[PDB]
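Below is one structure, written out as structure tokens; comments come after it.
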Amino acid sequence: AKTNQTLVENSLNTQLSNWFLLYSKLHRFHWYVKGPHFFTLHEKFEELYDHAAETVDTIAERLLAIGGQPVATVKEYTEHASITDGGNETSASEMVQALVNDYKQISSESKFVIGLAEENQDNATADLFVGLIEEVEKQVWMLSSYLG
Amino acid sequence: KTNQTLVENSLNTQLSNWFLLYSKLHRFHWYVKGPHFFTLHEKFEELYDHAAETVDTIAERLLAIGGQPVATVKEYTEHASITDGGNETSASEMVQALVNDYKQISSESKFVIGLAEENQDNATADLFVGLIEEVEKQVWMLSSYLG
Amino acid sequence: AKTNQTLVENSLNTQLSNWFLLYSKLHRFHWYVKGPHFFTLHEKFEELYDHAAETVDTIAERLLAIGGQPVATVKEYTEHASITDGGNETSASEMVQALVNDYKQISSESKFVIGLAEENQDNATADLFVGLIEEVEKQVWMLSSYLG
Amino acid sequence: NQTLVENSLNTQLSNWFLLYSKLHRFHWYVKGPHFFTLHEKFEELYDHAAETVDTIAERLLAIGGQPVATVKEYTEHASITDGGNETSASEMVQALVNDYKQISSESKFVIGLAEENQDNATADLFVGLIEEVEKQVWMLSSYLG
Amino acid sequence: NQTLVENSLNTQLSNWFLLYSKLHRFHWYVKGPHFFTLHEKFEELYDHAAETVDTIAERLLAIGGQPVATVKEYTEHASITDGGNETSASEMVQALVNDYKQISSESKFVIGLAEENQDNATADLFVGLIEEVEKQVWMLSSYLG
Amino acid sequence: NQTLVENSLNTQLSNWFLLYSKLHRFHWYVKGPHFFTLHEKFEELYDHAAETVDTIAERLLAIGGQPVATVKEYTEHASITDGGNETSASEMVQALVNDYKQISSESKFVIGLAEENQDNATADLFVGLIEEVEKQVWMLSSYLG
Amino acid sequence: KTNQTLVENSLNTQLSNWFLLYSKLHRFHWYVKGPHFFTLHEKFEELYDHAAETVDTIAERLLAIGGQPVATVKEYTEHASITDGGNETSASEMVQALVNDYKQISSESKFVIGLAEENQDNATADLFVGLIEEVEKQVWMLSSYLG
Amino acid sequence: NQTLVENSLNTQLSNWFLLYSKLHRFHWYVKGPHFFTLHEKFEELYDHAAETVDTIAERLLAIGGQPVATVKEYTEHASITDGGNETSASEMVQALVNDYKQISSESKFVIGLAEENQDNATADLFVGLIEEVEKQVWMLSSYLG
Amino acid sequence: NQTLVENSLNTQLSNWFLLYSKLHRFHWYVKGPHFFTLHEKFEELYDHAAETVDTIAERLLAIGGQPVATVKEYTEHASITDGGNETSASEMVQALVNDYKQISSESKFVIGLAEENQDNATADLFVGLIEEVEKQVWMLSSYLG
Amino acid sequence: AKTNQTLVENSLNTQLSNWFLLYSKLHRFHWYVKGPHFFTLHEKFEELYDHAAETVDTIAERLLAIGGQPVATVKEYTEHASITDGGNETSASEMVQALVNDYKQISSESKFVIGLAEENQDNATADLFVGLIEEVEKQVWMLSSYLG
Amino acid sequence: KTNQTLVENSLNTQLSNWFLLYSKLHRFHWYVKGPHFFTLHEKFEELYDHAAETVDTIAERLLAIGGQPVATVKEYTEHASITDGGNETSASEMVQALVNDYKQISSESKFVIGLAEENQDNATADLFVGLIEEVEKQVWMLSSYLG
Amino acid sequence: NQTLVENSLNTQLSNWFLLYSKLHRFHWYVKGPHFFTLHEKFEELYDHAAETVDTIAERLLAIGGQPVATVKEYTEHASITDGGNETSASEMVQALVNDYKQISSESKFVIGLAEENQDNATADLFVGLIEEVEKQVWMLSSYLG
């Protein structure tokens, strides 16, 4: 009950941390992408980081609204995330693949947050993450199509 | 009484709550005073604009499911679980009245989802899920103001 | 003098109450109108209630600006208005007729407020209600034309 | 479970493309004194139908399916038709009511299938749809009232 | 060939100004349960008539002619009238159908004169006008159907 | 009292339609190095005139009157004319000054009639008008200065 | 002295008041401090934008009626019934200065209507009627802030 | 002459609806490193195809004809197909080049029939369509070059 | 027939680029009390010239031709020049009247060649250009009148 | 050093005062311009006063940001400016010439402020006035061209 | 070490400072409380929007001059001269933290101009000149709030 | 000092007009699968080039100079050319890199000249330019990477 609530809050802090580190990674890809798909991917990556920033603010405000305490420092993001903004990507295909890998991991982990939220009778927290899955699975299809 | 009628009746109570809230927010918009006047006068208008949208959305959902929305001030008064009455005078008193009404609206909206779900009405539950998200955000903001 | 002022304030509270109850009635008509003029009248009624809401805020703020105390609860609106949001309208023509009846009553009563305001040397309060008469008499002509 | 979901999306995709078609027929052939209102309303509805076509196809693709994508396949996979012999404004509006009512029952069945397959995002898409279609069923039924 | 074209433009400029006038009369006097639709439609149509007036006059100027520009001249040069005793909604709409059809056939003669004078640009102006009026004729005729 | 008000609105309605006409003549025929400025200013003024035409007619209707609505009636009920033989930019601008000056005196007389008939809303419409016309009289007189 | 000249002269005083008010509002915009800084810094800009519009409207009406608007800072100083000077330091002092000047402007604008009406100039009276409405609204808002 | 024009418009209306369909198939199935560019381009092109469908149908109506308006009729009256086995990006783009070129030459025949019936306005519609499709042909051919 | 059309488009593309250049010279050097009006007008006109350059070139591409695309080629293929010794406002405006009139008559020859090659779409491009330039000729000539 | 700072602050107060008096002058020209260039110059003068108002606010806020105290009364503007809003202009050419004269004086004086700002190692204050010179020298060229 | 490398390295420190500032401003946006909640919650978002624009501008300038921007949170932490850490709780504490970081950023940006100028890189200096203008404005506004 | 500044602006003005020209050649002739991206990017760049042309000319005028204003003078005063025989997308992009790199070195030299003549505003204009060109050099070099 109190444990159910704490499990939900902790899971939101992990996802908040993932989305902040993804916003960071997307800057790295925006800045270092090269080759003849430069214009397309430089722009796409900025669109994606704008969406990541929105998501950061949406998760943190939902956590606050349920009585929790969002993590809010880069050291905390690094300690609580299940992903990293690091990596050794150089080519356009490696960058696009890296994003497919992070968005697939976020989709699976968001499904686990829905289960926790539902177990705590928190339909609004569940609904937030259902909407996220929709958006990230769309981008996995587009990014996977780029690579096909 | 019926699974259907229980859903319709619960939508009429919430329709009534949101209209009475629109009313109370006008009273606060008009009588708020002190050095947070500008901020709160404006915030209360933004909130009543949201309340008016919510009134139309709930009534239109009720119609879509075959019900009959209440649609006079006498009926809103008789069907609501909150009131537009009160003797709030200070900015803090007004903000705290809103926290109380939004908290009530959130708990009852969670009960609506349960009724709707039991009547296999996922679309009605979803409207209330969305309202819970917006109201609990406002509860956080207004409680922060008082903190 | 003080009586002149109190008569003006009381008259504004009656009109504020009328316009709030009209905003309510217009919702009822928006929701329950039927027949082949549904799209036209559903939309028209929303336009009209948007205007009623504006008018509510304009009268209440003028009352405040002259040192008065607007009524601000539905119980007060019901006790101070000269009209009602109630009624037994079912057809599109009955709904449109009901509005012609309320807008004509508001126009006559607003002319009486101009006389009171002028007697108290309150030109700005008079000007508010002159502008209202213009708008409501336009709508009476359009709504009466629908019914002709 | 997964194949049943995919197949159900292709039926609904097909229904929405055939409704887009039927709405053009009514937009073009409506007549009588409610011409202006209904010619415009039918265009609004087909714009919504087109958006719904793209959203369902793109969800199907994101879950690893293959959207049907020819008029022959739509005809074959749909549970409605774009045919009929409606002539008056009321016949046209009543035909829309019937199709939207059918789509809404079928969409509730899709939600159950998706939920049983633990696919909450696919289910959410059909929930939203039901909201919009049942609004239109109320509005169109009210016109006939 | 050139003075024929110029005189033919003056007659059409006159027609469009008189139509602008008639469309105000219908906007103001239309009644009955299609009031909102027709009051608004008649405004949209007069806005189009005023744009057309300015485009004809300015093409006449551009070819070296002298557009008529007083109501006495418009009455004197037009082939339609702004007069009439229309009262019902149907009478007003039927009156517009009549005028627009006369405007189309006469604009086809302007095209032929223009083409005979190797004035493609004037012809093109009127081709576009015919496209617009015949659409309005279909719409208004559909209202009456 | 009421009939005198109605008749006075029909005169002013007529004046404004004939000014709309005269402004098109000046828009089309202005020449010399102030062409661009004045061709554009005359269009702005006729857009305002058209709006004033619709506002006066709709007020007349709201008070239970019957707006005149043909160019023959405008000619007959107006206190100005759309005729004249202005040729230079200054002649055109001076003719506008004269008409706007006349309209403004006549509008003050309308306000007295309306006030005597206890019609404050009709009176308000002409007050607003006077504000706008006297602005234009200052601007046009300054051009001539 | 004349019915006409009395109207023209009263418009020059009000033109001058509104320009000096535009000036004072800049001083407040620039020097306001304390925790209502953001709200008041912004409000004072909105108010000076309105004052600038009002200056142009009054001058253009004066021109339209055949008068000559004053149009230098020396003349504004000499014709105004208010000043842009003052030693206001606190937010409350600045807001109260504005309430005082707006109240004065409203009472004198009512006197203008009377002069204009006596010269059968309804259009000039109407401009001032509209100004009274806007200023008295602001007086309510600013007084509420101090309440 | 008139029934030939009408039948020729039905065939083109059919072609544009089938192209709208094919463009959805390519939007959904395109893959490889030009995905973002082509997915978006194919949407822009289908938006244009839908506008074209409505403009043809409404011109057919305006001349007194009866537009086809079911997918069975479009299949029955069209000269292209929405079928095909395109998989690669190049195959899809080449397929669009083929269809647009067929649409251009056939639209040139519509122009000649229209002109023979003194229907300049219908001809003009198709002249504008040829301008747009041949630009797209150049662009798409350039992609393949 | 086809190589004649292509060469004729190159000459017009060249003319529009050189006009763009000349219009910059006039924008920069115009003086006297019509400065604000003419400085701005000359910018509006060069914006139109740049749009025209791109539309001609892209039509040439669309028909299978090779647009010229260096200033040495524009000088070599044009029938006007961007040179000249215009100093006064009147000289600059008169120079534009001269160029626009030459552009119109030459565009009428392009229309005839295009029509002889059954290229309606190219012809239509130039018909629209003539409409625009002759309006500008009237406006600029009016300035000088 | 402290003297360097005080010289910069005083120079900004003189320019703030110039720009306020120019805003005033531009109203006078907007209201009293006459002749056949009326429409053009009435509009141009309003555009210019809108720019002067912006400049007023920009200089005053820069002065505040460097620790100074902007003058903020018309009496102070009159005492600190190097220009006046007064004058005996009647014709359109005299008005346009008067503005050329003030904008040329402002450009020269702004160059002197750049020298003072640079001597105090204040690059941002210098940059503000470089941007002003660009704009005012553009208008001197246009206004001088009107008169050529 | 080189005139070029000194410029590149100084841009990486400032890039890092602006990203960590974007972070701190989120923490303040989320935890600010008390009666200035609405004003400050909104102000802090406007400031982080500006910080994000600044991050992209500095990184893109560094790239244009042939450098390599740092682009992970570990590197931002190691290269910055400020931190996103802190225990600020009150509105005044948060506003004062911002004044401190903006003042630091302004002084170091002046040092960058000097390095850039010594490497004949006027375009890099100009980017920093513009940042100084915006930051010192904010320092005035935030200090006024505390006054 | 002053004459050296003026002469240097005329060289840079010329460079920017010739780059505007070269960007149209590449916009029109680019081919291969990066067609859509590069056809659009080249148009964005020529819009920027046109704005840069007007800004440099207007600065030159404000300092009392005389901008060159014919294609013959641009050819003669420029340090680059709009000629060349680029054919592939990479050749086109590499040619842009070379021109932007050259413009940027030359603009730094202009800044020194302007500073030595105590002209900080002219110097500022070239600083801003360097910022924008070096951005494009990074983006274009990255495409080639």
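Order determines the names: the first chain of the structure tokens is A, the second B, and so forth; residues in each chain are numbered 1 upward, and ligands are numbered 1 upward as they are shown.
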
Same-sequence superposition of chain B onto chain G, all C-alpha, as a PDB file with C-alpha atoms, in the first residue's frame:
ATOM      1  CA  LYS B   1     -12.906  81.206 -23.270  1.00  0.00           C
ATOM      2  CA  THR B   2     -15.306  80.073 -26.096  1.00  0.00           C
ATOM      3  CA  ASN B   3     -17.321  76.852 -25.905  1.00  0.00           C
ATOM      4  CA  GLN B   4     -14.946  75.542 -28.638  1.00  0.00           C
ATOM      5  CA  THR B   5     -11.738  76.941 -27.096  1.00  0.00           C
ATOM      6  CA  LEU B   6     -12.657  75.554 -23.642  1.00  0.00           C
ATOM      7  CA  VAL B   7     -12.932  72.078 -25.162  1.00  0.00           C
ATOM      8  CA  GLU B   8      -9.568  72.441 -27.052  1.00  0.00           C
ATOM      9  CA  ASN B   9      -7.753  73.719 -23.917  1.00  0.00           C
ATOM     10  CA  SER B  10      -9.184  70.846 -21.759  1.00  0.00           C
ATOM     11  CA  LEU B  11      -7.928  68.331 -24.382  1.00  0.00           C
ATOM     12  CA  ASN B  12      -4.405  69.894 -24.161  1.00  0.00           C
ATOM     13  CA  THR B  13      -4.366  69.475 -20.380  1.00  0.00           C
ATOM     14  CA  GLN B  14      -5.393  65.800 -20.677  1.00  0.00           C
ATOM     15  CA  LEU B  15      -2.922  65.155 -23.535  1.00  0.00           C
ATOM     16  CA  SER B  16      -0.246  66.571 -21.224  1.00  0.00           C
ATOM     17  CA  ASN B  17      -1.399  64.450 -18.260  1.00  0.00           C
ATOM     18  CA  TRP B  18      -1.227  61.243 -20.323  1.00  0.00           C
ATOM     19  CA  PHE B  19       2.276  62.014 -21.638  1.00  0.00           C
ATOM     20  CA  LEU B  20       3.567  62.784 -18.144  1.00  0.00           C
ATOM     21  CA  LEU B  21       1.910  59.536 -16.972  1.00  0.00           C
ATOM     22  CA  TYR B  22       3.777  57.606 -19.730  1.00  0.00           C
ATOM     23  CA  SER B  23       6.968  59.144 -18.245  1.00  0.00           C
ATOM     24  CA  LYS B  24       6.162  58.279 -14.603  1.00  0.00           C
ATOM     25  CA  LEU B  25       5.306  54.729 -15.577  1.00  0.00           C
ATOM     26  CA  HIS B  26       8.823  54.383 -17.092  1.00  0.00           C
ATOM     27  CA  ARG B  27      10.363  55.539 -13.833  1.00  0.00           C
ATOM     28  CA  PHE B  28       8.313  52.937 -11.929  1.00  0.00           C
ATOM     29  CA  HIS B  29       9.081  50.190 -14.531  1.00  0.00           C
ATOM     30  CA  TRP B  30      12.775  50.886 -14.010  1.00  0.00           C
ATOM     31  CA  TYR B  31      13.031  51.329 -10.277  1.00  0.00           C
ATOM     32  CA  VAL B  32      10.399  48.974  -8.811  1.00  0.00           C
ATOM     33  CA  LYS B  33      11.935  46.381  -6.463  1.00  0.00           C
ATOM     34  CA  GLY B  34      11.060  43.656  -4.007  1.00  0.00           C
ATOM     35  CA  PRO B  35       9.279  40.283  -4.529  1.00  0.00           C
ATOM     36  CA  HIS B  36       6.526  41.705  -6.714  1.00  0.00           C
ATOM     37  CA  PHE B  37       9.182  42.968  -9.149  1.00  0.00           C
ATOM     38  CA  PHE B  38       8.178  40.704 -12.068  1.00  0.00           C
ATOM     39  CA  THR B  39       4.442  41.343 -11.848  1.00  0.00           C
ATOM     40  CA  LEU B  40       4.788  45.110 -11.435  1.00  0.00           C
ATOM     41  CA  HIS B  41       7.641  45.627 -13.961  1.00  0.00           C
ATOM     42  CA  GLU B  42       5.403  44.016 -16.513  1.00  0.00           C
ATOM     43  CA  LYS B  43       2.182  45.734 -15.432  1.00  0.00           C
ATOM     44  CA  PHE B  44       3.791  49.181 -15.622  1.00  0.00           C
ATOM     45  CA  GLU B  45       4.888  48.489 -19.253  1.00  0.00           C
ATOM     46  CA  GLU B  46       1.361  47.441 -20.223  1.00  0.00           C
ATOM     47  CA  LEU B  47       0.082  50.691 -18.656  1.00  0.00           C
ATOM     48  CA  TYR B  48       2.580  52.886 -20.508  1.00  0.00           C
ATOM     49  CA  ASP B  49       1.712  51.169 -23.771  1.00  0.00           C
ATOM     50  CA  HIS B  50      -1.926  52.190 -23.042  1.00  0.00           C
ATOM     51  CA  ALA B  51      -0.839  55.739 -22.085  1.00  0.00           C
ATOM     52  CA  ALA B  52       1.057  56.133 -25.419  1.00  0.00           C
ATOM     53  CA  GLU B  53      -2.091  55.038 -27.378  1.00  0.00           C
ATOM     54  CA  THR B  54      -4.148  57.485 -25.392  1.00  0.00           C
ATOM     55  CA  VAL B  55      -1.696  60.372 -26.110  1.00  0.00           C
ATOM     56  CA  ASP B  56      -2.026  59.721 -29.889  1.00  0.00           C
ATOM     57  CA  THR B  57      -5.825  59.388 -29.741  1.00  0.00           C
ATOM     58  CA  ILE B  58      -6.395  62.670 -27.821  1.00  0.00           C
ATOM     59  CA  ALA B  59      -3.939  64.635 -30.041  1.00  0.00           C
ATOM     60  CA  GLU B  60      -5.631  63.302 -33.188  1.00  0.00           C
ATOM     61  CA  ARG B  61      -9.087  64.191 -31.897  1.00  0.00           C
ATOM     62  CA  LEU B  62      -7.869  67.693 -31.072  1.00  0.00           C
ATOM     63  CA  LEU B  63      -6.538  68.040 -34.623  1.00  0.00           C
ATOM     64  CA  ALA B  64      -9.819  66.726 -36.085  1.00  0.00           C
ATOM     65  CA  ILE B  65     -11.819  69.416 -34.235  1.00  0.00           C
ATOM     66  CA  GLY B  66      -9.576  72.207 -35.514  1.00  0.00           C
ATOM     67  CA  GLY B  67      -7.260  72.570 -32.551  1.00  0.00           C
ATOM     68  CA  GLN B  68      -3.512  72.582 -31.982  1.00  0.00           C
ATOM     69  CA  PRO B  69      -2.108  69.889 -29.712  1.00  0.00           C
ATOM     70  CA  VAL B  70       0.861  70.827 -27.473  1.00  0.00           C
ATOM     71  CA  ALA B  71       3.781  68.615 -28.459  1.00  0.00           C
ATOM     72  CA  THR B  72       6.866  69.332 -26.370  1.00  0.00           C
ATOM     73  CA  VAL B  73       7.912  68.304 -22.837  1.00  0.00           C
ATOM     74  CA  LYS B  74       8.104  71.949 -21.737  1.00  0.00           C
ATOM     75  CA  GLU B  75       4.483  72.487 -22.811  1.00  0.00           C
ATOM     76  CA  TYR B  76       3.303  69.161 -21.285  1.00  0.00           C
ATOM     77  CA  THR B  77       4.846  70.251 -18.008  1.00  0.00           C
ATOM     78  CA  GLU B  78       3.107  73.705 -18.167  1.00  0.00           C
ATOM     79  CA  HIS B  79      -0.331  72.378 -19.283  1.00  0.00           C
ATOM     80  CA  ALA B  80      -0.734  69.203 -17.183  1.00  0.00           C
ATOM     81  CA  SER B  81      -2.685  68.991 -13.893  1.00  0.00           C
ATOM     82  CA  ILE B  82      -0.363  66.147 -12.757  1.00  0.00           C
ATOM     83  CA  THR B  83       3.452  65.744 -12.664  1.00  0.00           C
ATOM     84  CA  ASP B  84       5.975  62.960 -13.512  1.00  0.00           C
ATOM     85  CA  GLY B  85       8.064  64.038 -10.500  1.00  0.00           C
ATOM     86  CA  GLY B  86       7.928  62.327  -7.115  1.00  0.00           C
ATOM     87  CA  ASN B  87      10.123  60.447  -4.603  1.00  0.00           C
ATOM     88  CA  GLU B  88       8.258  57.060  -4.612  1.00  0.00           C
ATOM     89  CA  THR B  89      10.519  54.223  -3.595  1.00  0.00           C
ATOM     90  CA  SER B  90       8.442  51.203  -2.455  1.00  0.00           C
ATOM     91  CA  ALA B  91       6.090  49.131  -4.654  1.00  0.00           C
ATOM     92  CA  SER B  92       3.154  50.281  -2.534  1.00  0.00           C
ATOM     93  CA  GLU B  93       4.187  53.938  -2.913  1.00  0.00           C
ATOM     94  CA  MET B  94       4.355  53.589  -6.725  1.00  0.00           C
ATOM     95  CA  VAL B  95       0.969  51.779  -6.958  1.00  0.00           C
ATOM     96  CA  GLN B  96      -0.659  54.421  -4.681  1.00  0.00           C
ATOM     97  CA  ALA B  97       0.824  57.282  -6.907  1.00  0.00           C
ATOM     98  CA  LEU B  98      -0.882  55.640  -9.914  1.00  0.00           C
ATOM     99  CA  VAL B  99      -4.257  55.365  -8.043  1.00  0.00           C
ATOM    100  CA  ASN B 100      -4.033  59.064  -7.239  1.00  0.00           C
ATOM    101  CA  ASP B 101      -3.224  60.131 -10.813  1.00  0.00           C
ATOM    102  CA  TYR B 102      -5.877  57.821 -12.365  1.00  0.00           C
ATOM    103  CA  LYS B 103      -8.554  59.113  -9.982  1.00  0.00           C
ATOM    104  CA  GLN B 104      -7.688  62.680 -10.909  1.00  0.00           C
ATOM    105  CA  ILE B 105      -7.728  61.840 -14.605  1.00  0.00           C
ATOM    106  CA  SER B 106     -11.149  60.214 -14.279  1.00  0.00           C
ATOM    107  CA  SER B 107     -12.752  63.244 -12.447  1.00  0.00           C
ATOM    108  CA  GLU B 108     -11.303  65.705 -14.985  1.00  0.00           C
ATOM    109  CA  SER B 109     -12.334  63.542 -17.946  1.00  0.00           C
ATOM    110  CA  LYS B 110     -15.944  63.732 -16.581  1.00  0.00           C
ATOM    111  CA  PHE B 111     -15.615  67.548 -16.695  1.00  0.00           C
ATOM    112  CA  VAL B 112     -14.387  67.324 -20.317  1.00  0.00           C
ATOM    113  CA  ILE B 113     -17.572  65.368 -21.305  1.00  0.00           C
ATOM    114  CA  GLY B 114     -19.616  68.272 -19.890  1.00  0.00           C
ATOM    115  CA  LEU B 115     -17.686  70.832 -21.884  1.00  0.00           C
ATOM    116  CA  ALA B 116     -17.826  68.804 -25.061  1.00  0.00           C
ATOM    117  CA  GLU B 117     -21.580  68.181 -24.637  1.00  0.00           C
ATOM    118  CA  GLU B 118     -22.169  71.920 -24.120  1.00  0.00           C
ATOM    119  CA  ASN B 119     -20.390  72.505 -27.473  1.00  0.00           C
ATOM    120  CA  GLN B 120     -22.543  69.815 -29.191  1.00  0.00           C
ATOM    121  CA  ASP B 121     -19.399  67.673 -29.653  1.00  0.00           C
ATOM    122  CA  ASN B 122     -20.632  64.124 -28.861  1.00  0.00           C
ATOM    123  CA  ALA B 123     -17.615  62.423 -30.533  1.00  0.00           C
ATOM    124  CA  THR B 124     -15.114  64.173 -28.201  1.00  0.00           C
ATOM    125  CA  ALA B 125     -17.277  63.264 -25.117  1.00  0.00           C
ATOM    126  CA  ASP B 126     -17.349  59.625 -26.272  1.00  0.00           C
ATOM    127  CA  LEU B 127     -13.512  59.360 -26.393  1.00  0.00           C
ATOM    128  CA  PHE B 128     -13.463  60.537 -22.761  1.00  0.00           C
ATOM    129  CA  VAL B 129     -16.305  58.227 -21.732  1.00  0.00           C
ATOM    130  CA  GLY B 130     -14.200  55.275 -22.997  1.00  0.00           C
ATOM    131  CA  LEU B 131     -11.117  56.541 -21.094  1.00  0.00           C
ATOM    132  CA  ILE B 132     -13.129  56.772 -17.867  1.00  0.00           C
ATOM    133  CA  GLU B 133     -14.139  53.105 -18.261  1.00  0.00           C
ATOM    134  CA  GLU B 134     -10.477  51.927 -18.706  1.00  0.00           C
ATOM    135  CA  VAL B 135      -9.042  54.131 -15.993  1.00  0.00           C
ATOM    136  CA  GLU B 136     -11.627  53.204 -13.319  1.00  0.00           C
ATOM    137  CA  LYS B 137     -10.946  49.517 -14.056  1.00  0.00           C
ATOM    138  CA  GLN B 138      -7.264  50.150 -13.378  1.00  0.00           C
ATOM    139  CA  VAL B 139      -8.071  52.060 -10.197  1.00  0.00           C
ATOM    140  CA  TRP B 140     -10.026  48.978  -8.966  1.00  0.00           C
ATOM    141  CA  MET B 141      -7.135  46.599  -9.838  1.00  0.00           C
ATOM    142  CA  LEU B 142      -4.429  48.777  -8.270  1.00  0.00           C
ATOM    143  CA  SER B 143      -6.496  49.481  -5.123  1.00  0.00           C
ATOM    144  CA  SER B 144      -7.152  45.743  -4.803  1.00  0.00           C
ATOM    145  CA  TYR B 145      -3.342  45.150  -4.855  1.00  0.00           C
ATOM    146  CA  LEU B 146      -3.034  47.523  -1.856  1.00  0.00           C
ATOM    147  CA  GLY B 147      -5.955  45.904  -0.006  1.00  0.00           C
TER     148      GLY B 147
END

Hey, list the chain E side of the contact with chain F: 9 Å cut-off, only C-alpha atoms, answer as a PyMOL selection string. chain E and resi 18+21-22+24-26+28-29+54+57-58+61+66-72+75+82-83

Per-residue DSSP, segment 77-106 of chain B, filtered to helix (DSSP H, G or I), as a ChimeraX atom specification: /B:77-79,91-106

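When atom CA of residue 42 of chain F is paired with atom CA of residue 45 of chain I, their separation reads 21.9 Å.
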
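The environment of residue 34 of chain L within 10 Å, counting only C-alpha atoms and disregarding residues fewer than 2 places along the same chain, consists of residues 36 and 37 of chain A; 34, 37, 142, 143 and 144 of chain H; 30, 31, 32, 36, 37, 38, 39 and 89 of chain L.
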
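Nearest residue to residue 94 of chain C, choosing from C:27, C:34, C:2, C:51 and counting only C-alpha atoms: C:34.
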